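Each of the two blocks below gives one form of the same protein chain as structure tokens; they are labelled structure 1 and structure 2.
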Structure 1
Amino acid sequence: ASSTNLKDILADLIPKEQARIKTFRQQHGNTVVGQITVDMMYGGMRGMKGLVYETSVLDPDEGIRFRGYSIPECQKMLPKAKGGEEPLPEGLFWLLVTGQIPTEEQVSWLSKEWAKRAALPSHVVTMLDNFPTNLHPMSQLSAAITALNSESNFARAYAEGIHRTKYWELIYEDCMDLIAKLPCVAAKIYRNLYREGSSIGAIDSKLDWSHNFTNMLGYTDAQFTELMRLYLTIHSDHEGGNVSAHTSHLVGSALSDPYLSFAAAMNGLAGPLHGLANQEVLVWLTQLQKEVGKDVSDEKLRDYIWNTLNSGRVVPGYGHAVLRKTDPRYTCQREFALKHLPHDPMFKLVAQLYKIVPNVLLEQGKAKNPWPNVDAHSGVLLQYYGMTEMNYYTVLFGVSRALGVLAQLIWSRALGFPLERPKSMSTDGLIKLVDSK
């Protein structure tokens, strides 16, 4: 007897693995895994292996798997949206949380539970309508989300003294609600900014997560909803040790609720060095669209690329911290591209940035990975579907990234992972360390 619910599922899973890493730590706490050096401790933990985190692992060479589900494994193994071909993101939140690949049914449950949870508090909406147009879609988007910590069941619980065991639970209810509300506040920025006067409407609970949002933005093309579904699966989880995810993990660990703890992280994502770069290639691209002019040879186009380099600047959408190969999450976006829009002026000037850009960082050897991003090529497809307001681009990114981040958050509070308290050192005293000692 009985039917579907991720909570039950978890209550079975959870323990088995508390035991499981316990035997591990019994045996191998004893183990020196890496080494800490002065360089790393000057250079922002690059290679310094700091976290445990389950909800994804990146490979330099291969990259992002999701159980070990490589995006192309997911692409075809996670369930599709009744009339489409894309990885539909309830099937992904399924995957990461349980290590299992779902039933379509067991996603429908998901959809219709999120878009049951999917109701916005008076005040949020007030505040949101008050937001001045001069205010970034993202400064906005945290402001609401940091104010959404009114609906927080966990934060409610604690202050009345829920017992340690439990913790994972209530944050299962808060998260589930936040991923649910998220979209509406995504859409409800966009529309108070860019189409400024019209309603973000109803929720058909006989729609999926992705699609509700497409409706709520006021976008009408079927095909853009496949794209949307698709972004919404590859921006999701991309290991721990990135800014946003690491933030959230961290502000997570002092037992601050998932509302507060997401919206700490989008300020993670807000960082032009984290998220903005999305938005920023097509900044450049309007910049190259002007300032180098309409139609160029790869010479002034390379002089333009030299352009910005020499001007001390930031070359977004090429290279990557730790990814030493092609981001699957480009290649991912390509085959989507080749398949609905191969006819585009910025599309194929993306198969043209596809042979010139890095090679100016090969000329340079700036940082260690010459190959394509995810920043790159998403922008180009947004425009195609007539998403053009490139500030809003990282509102999108947070919406997809909401999947990941709350995903581990449930796991850390079921796994009792303590408080994120490093050791920091001073220069002067580090000077006393290495040499003076």
Structure 2
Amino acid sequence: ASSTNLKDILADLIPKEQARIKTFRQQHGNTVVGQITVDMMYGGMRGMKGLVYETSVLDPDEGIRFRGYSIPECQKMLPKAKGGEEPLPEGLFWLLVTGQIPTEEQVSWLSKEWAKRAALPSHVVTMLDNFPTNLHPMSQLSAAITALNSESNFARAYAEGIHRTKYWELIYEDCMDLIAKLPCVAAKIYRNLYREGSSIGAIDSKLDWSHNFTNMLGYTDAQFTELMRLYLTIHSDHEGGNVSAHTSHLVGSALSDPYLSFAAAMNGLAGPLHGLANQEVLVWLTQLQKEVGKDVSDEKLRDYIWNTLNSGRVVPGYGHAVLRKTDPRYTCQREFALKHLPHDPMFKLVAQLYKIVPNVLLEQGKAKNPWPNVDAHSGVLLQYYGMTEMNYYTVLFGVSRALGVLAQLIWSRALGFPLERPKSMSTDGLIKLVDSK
């Protein structure tokens, strides 16, 4: 056959980043990179630097980057799927871990490599098949990723006593297993929930990752698969600061093993201020599809959106405190839509708000980035291919953010990052602090 052996590459890359951080930290290390205010400290840590998350940086002129490789260079560069046009999430985890762009057989590797590592302990399987259909997917996804922790290699090698400098090699092995069992768990949370408890199927070492998943979800549409490949590539990662990424991080720094850290991250992503906004827009988009009715003019939604901005509401999906042009991940799923559902009524709706909304905002003071998110485009693209079941959308973001959160988990463990322990305070403390002192 063929390849190049991921672990063995990462094995090489490690000492070189490990040093780079040793000198940096030697020399300028004490160079003050900012201040904290009594107000930030009530402000949920409002624009504090405190992380070092080495897999993605928000570029204000250019969206998000998976190195400096942004959005638009990824779609080019990342291997596409042996007869497709949209990237493999495989080759994206590979980029996130390596810093390098996969080769076809570096990706063909992972796919083989995920299919085998893809197995499920009879007790998560049982645990799923009895869960109540009143329990949310995301309470199931996280209940069962903890219960998968039964199987961690790290838990065990820890228990036996591996040493500091070896931690990555098994935290690696736990991550590669998790990202393989993930499709199974969610494919089954779907199937039990929404496709009347049927069988997820089997799993095919022939196919790539996203495919197997879509195939277990029970979807025969190769257009949907390639949306699945695209969706999973683009919601992977987003700086370290955000709830699901900071929790997998925080918790993972107590030397908790990847099953447990990831499950704790979904408990953050099931949180309304975090998971639920892909929905929020679809729902808005839904009332609007009624209130302003089917095939509107450029004049009537201008009337609606205007009568919306000014009568003391907001347009779900639009605006960004930093990013200066349109989010590339809107643009990616738009480019998709243009190709594959161009004359869709509801995509027609979204694509109209794109024409109209920015100017309406910009002209009406709510501005500086009046441009759309990702979250604005996606749900419309899900509902088209018949994924109506919108509570379940939060799991699909979960299975995606997995690649980005676990691929930095190996790195915090490789560069051997400390237990995360900011100082708390208390108001009475503070009152004596800033002013009285």
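Note that the rigid core is defined as the largest set of C-alphas that superpose within 1.5 Å between two forms. Here, a residue number simply tells you its place in the sequence of structure 1, counted from 1.
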Which is the one residue in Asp221, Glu85, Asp303, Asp129 whose C-alpha moves 2 Å or more between structures 1 and 2, relative to the superposed rigid core?
-> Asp303
Core-superposed C-alpha of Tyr318 shifting 2 Å or more between structures 1 and 2 | yes
Rigid core fit then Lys355 CA moved by 2 Å or more between structures 1 and 2 | yes
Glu62 C-alpha moves between structures 1 and 2 by 2 Å or more, core aligned = yes
Backbone CA shift between structures 1 and 2, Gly271, after core fitting (angstrom) = 0.3
Rigid core fit between structures 1 and 2: Cα deviation of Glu196 in angstrom = 1.2
Enter the rigid core superposed C-alpha shift of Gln364 between structures 1 and 2, rounded to one decimal in Å.
-> 9.1
